[PDB]
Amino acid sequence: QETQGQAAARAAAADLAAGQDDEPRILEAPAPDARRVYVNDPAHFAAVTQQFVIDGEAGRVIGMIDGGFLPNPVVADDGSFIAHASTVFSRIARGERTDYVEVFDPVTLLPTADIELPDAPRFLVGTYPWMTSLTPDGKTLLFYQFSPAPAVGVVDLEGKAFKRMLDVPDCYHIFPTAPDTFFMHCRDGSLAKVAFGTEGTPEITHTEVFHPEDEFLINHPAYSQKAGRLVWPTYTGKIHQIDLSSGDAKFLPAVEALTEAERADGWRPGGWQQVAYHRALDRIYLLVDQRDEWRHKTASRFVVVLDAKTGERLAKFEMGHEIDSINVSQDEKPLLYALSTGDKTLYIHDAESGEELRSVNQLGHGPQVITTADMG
């Protein structure tokens, strides 16, 4: 009913009338919680970018963090910190490149570490959450490098130093499962398990091939570290689910996000973060719309919600806006976050009914990535 700006005007008016004093100062953001959500704005490849720290419950911006060129945000699941790997240049977009990792306090937002990465080793790509990743103990950050070859950089957040680059096969993305282990998806259609020490050749093991060369796995799979569930849609809304919770890859039965008549009538996923996974509900959310097959990065206006075990459809919400990315809060009665890069607005929906509840607009230039902590 009453907006935040209206509630604020009323309270200031009342302080003025009461002669209430108060010191102008620097606010602390409220304690991180399950309804905190972070929206990162790669700003369509601009050299400097913004992340917005949002209270999902109030639909309120509670803070912001600056970053450089296509930074990779990560959010520790227990809420104790956030961090990103970022890239700056001495003369805006030109001159000496410095890649670095910053860790921030989640309440004051102040950097508590600034760790230089030797030899500008970050992969510059449109933001894929799983190209930079925290190990489950929060002590290490792993970042992907593409050039000169696929590699993974190991950064010690606790000791605040870069450790080493690991040579990997021709693989992509980084899904950590342990303090020293992560999975990558390879060009051959397998997953590679990479187990690394402080020094020495990583132990690299491939799974079986789990998809044909002509089924295409999207750049934004959902991964729940706490569930070890990797949820990987193909262009057609076919969903591969891989269970990494044993430490080794177990291939779950494939489900179809869309029915055969929908597929015959041109329904396909599309957007950026096309898929979200709610761990406690074991539920998959997929951004889908009617579209030609090579329009797979365009916004979608519908989310199908399906049971991850049976593949049964539970809902098909009509989002009512052009949505590129989705994610969910991981608490019960979760929120469904639906970010429009076009509208620069995060729409905050009730994940159960699909109802839009509120929204936060003016989130940068081309905001694309939603992150939440899984604190439960």
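When you see a residue number, it is the position in the sequence shown, counting from 1.
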**OP:** Pick between 294-302 and 250-258: the one whose mean CA B-factor in the entry is higher.
**Re:** 250-258
**OP:** May I ask you to compare 13-21 and 353-361 by their mean CA B factor in the entry and name the higher one?
**Re:** 13-21
Original post:
Between 211, 220, 84, 173, where does the Cα B-factor run highest in the record?
Top reply: 211
Subject >> Residue, from 41, 332, 324, 66, that the PDB entry assigns the highest Cα B-factor >> reply: 332
Subject >> CA B-factor ranking of residue 79, expressed as a third of its chain >> reply: highest
Subject >> Entry-reported Cα temperature factor of residue 155, expressed as the chain third it lands in >> reply: middle
**OP:** Divide the modelled residues of the chain into thirds by Cα B-factor and specify which third, lowest, middle or highest, holds residue 346.
**Re:** lowest
Subject >> Third of the chain's Cα B-factor distribution that residue 265 belongs to, per the entry >> reply: highest
Original post:
C-alpha B factor of residue 167, ranked within the chain: lowest, middle or highest third?
Top reply: highest
